[PDB]
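Before any comments, here is the structure.
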Amino acid sequence: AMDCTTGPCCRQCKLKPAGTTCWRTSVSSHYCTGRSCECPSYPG
C-alpha cells in the first residue's frame, strides 16, 4: 500500500514472503519470517 520496504528480503516493492533465505554461509543457513525485509538472527 505505502511502505514498500526495500532490501534483500523484499518483493521488489514489498515485504518478501516468509521462507526466503537471506543468511546462508559455510556455517549459517536461516530464512525470512515474512514479517520484515531484514533477515532474523535465528534459524528456521
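Going by the C-alpha cells order, chains are called A, B, ..., each with residues numbered from 1, while ligands are numbered from 1 in the order shown.
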Report task. Excluding residue 10 (chain A) and any residue of its chain fewer than 6 positions from it, enumerate the residues within 9 Å of it, using only C-alpha atoms, and give them as a PyMOL selection string. Result -> chain A and resi 4+16-17+36-38
Export of the given selection (C-alpha atoms) as a PDB file, in the first residue's frame:
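Saved as result-v1.pdb:
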ATOM      1  CA  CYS A   4       7.479  -0.819   0.004  1.00  0.00           C
ATOM      2  CA  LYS A  16       9.297 -10.782   0.908  1.00  0.00           C
ATOM      3  CA  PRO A  17       7.173 -13.840   1.869  1.00  0.00           C
ATOM      4  CA  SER A  36      10.389  -7.855   7.815  1.00  0.00           C
ATOM      5  CA  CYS A  37      12.849  -7.298   4.967  1.00  0.00           C
ATOM      6  CA  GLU A  38      15.743  -7.791   7.387  1.00  0.00           C
TER       7      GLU A  38
END
**Report entry** Who sits within 10 Å of region 19-25 of chain A, only C-alpha atoms, same chain under 2 positions skipped, as a PyMOL selection string
**Finding:** chain A and resi 8-10+16-17+27-34+37-44
Using DSSP on the backbone coordinates, identify all residues within chain A classified as strand (DSSP E or B); present the result as a PDB file with N, CA and C atoms, in the first residue's frame.
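Below you can see selection31.pdb, which holds the result:
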ATOM      1  N   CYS A  10      12.880  -8.482   0.102  1.00  0.00           N
ATOM      2  CA  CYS A  10      11.740  -7.665  -0.301  1.00  0.00           C
ATOM      3  C   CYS A  10      11.288  -8.021  -1.713  1.00  0.00           C
ATOM      4  N   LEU A  15       7.216  -6.560   1.227  1.00  0.00           N
ATOM      5  CA  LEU A  15       7.872  -7.480   2.148  1.00  0.00           C
ATOM      6  C   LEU A  15       7.915  -8.890   1.567  1.00  0.00           C
ATOM      7  N   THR A  21      15.344 -17.329   1.970  1.00  0.00           N
ATOM      8  CA  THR A  21      16.668 -17.343   2.580  1.00  0.00           C
ATOM      9  C   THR A  21      17.343 -15.980   2.446  1.00  0.00           C
ATOM     10  N   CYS A  22      18.114 -15.606   3.461  1.00  0.00           N
ATOM     11  CA  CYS A  22      18.816 -14.328   3.457  1.00  0.00           C
ATOM     12  C   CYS A  22      19.969 -14.337   4.456  1.00  0.00           C
ATOM     13  N   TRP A  23      20.548 -15.515   4.673  1.00  0.00           N
ATOM     14  CA  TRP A  23      21.660 -15.660   5.605  1.00  0.00           C
ATOM     15  C   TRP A  23      22.169 -17.099   5.619  1.00  0.00           C
ATOM     16  N   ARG A  24      22.748 -17.527   4.502  1.00  0.00           N
ATOM     17  CA  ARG A  24      23.278 -18.881   4.384  1.00  0.00           C
ATOM     18  C   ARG A  24      24.749 -18.857   3.988  1.00  0.00           C
ATOM     19  N   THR A  25      25.613 -19.262   4.914  1.00  0.00           N
ATOM     20  CA  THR A  25      27.049 -19.288   4.661  1.00  0.00           C
ATOM     21  C   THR A  25      27.625 -20.672   4.944  1.00  0.00           C
ATOM     22  N   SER A  28      26.238 -21.116   8.257  1.00  0.00           N
ATOM     23  CA  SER A  28      24.986 -20.415   8.511  1.00  0.00           C
ATOM     24  C   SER A  28      23.928 -20.800   7.481  1.00  0.00           C
ATOM     25  N   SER A  29      22.662 -20.675   7.865  1.00  0.00           N
ATOM     26  CA  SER A  29      21.556 -21.010   6.975  1.00  0.00           C
ATOM     27  C   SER A  29      20.215 -20.697   7.630  1.00  0.00           C
ATOM     28  N   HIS A  30      19.739 -19.471   7.437  1.00  0.00           N
ATOM     29  CA  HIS A  30      18.467 -19.045   8.010  1.00  0.00           C
ATOM     30  C   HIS A  30      17.463 -18.706   6.913  1.00  0.00           C
ATOM     31  N   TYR A  31      16.276 -18.269   7.319  1.00  0.00           N
ATOM     32  CA  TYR A  31      15.227 -17.910   6.371  1.00  0.00           C
ATOM     33  C   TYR A  31      14.434 -16.706   6.868  1.00  0.00           C
TER      34      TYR A  31
END
Query raised in the report: Any idea what's packed within 8 Å of residue 3 (chain A), counting only C-alpha atoms, ignoring anything in its chain fewer than 2 positions away? Could you give it as a PyMOL selection string?
Result: chain A and resi 1+5+14
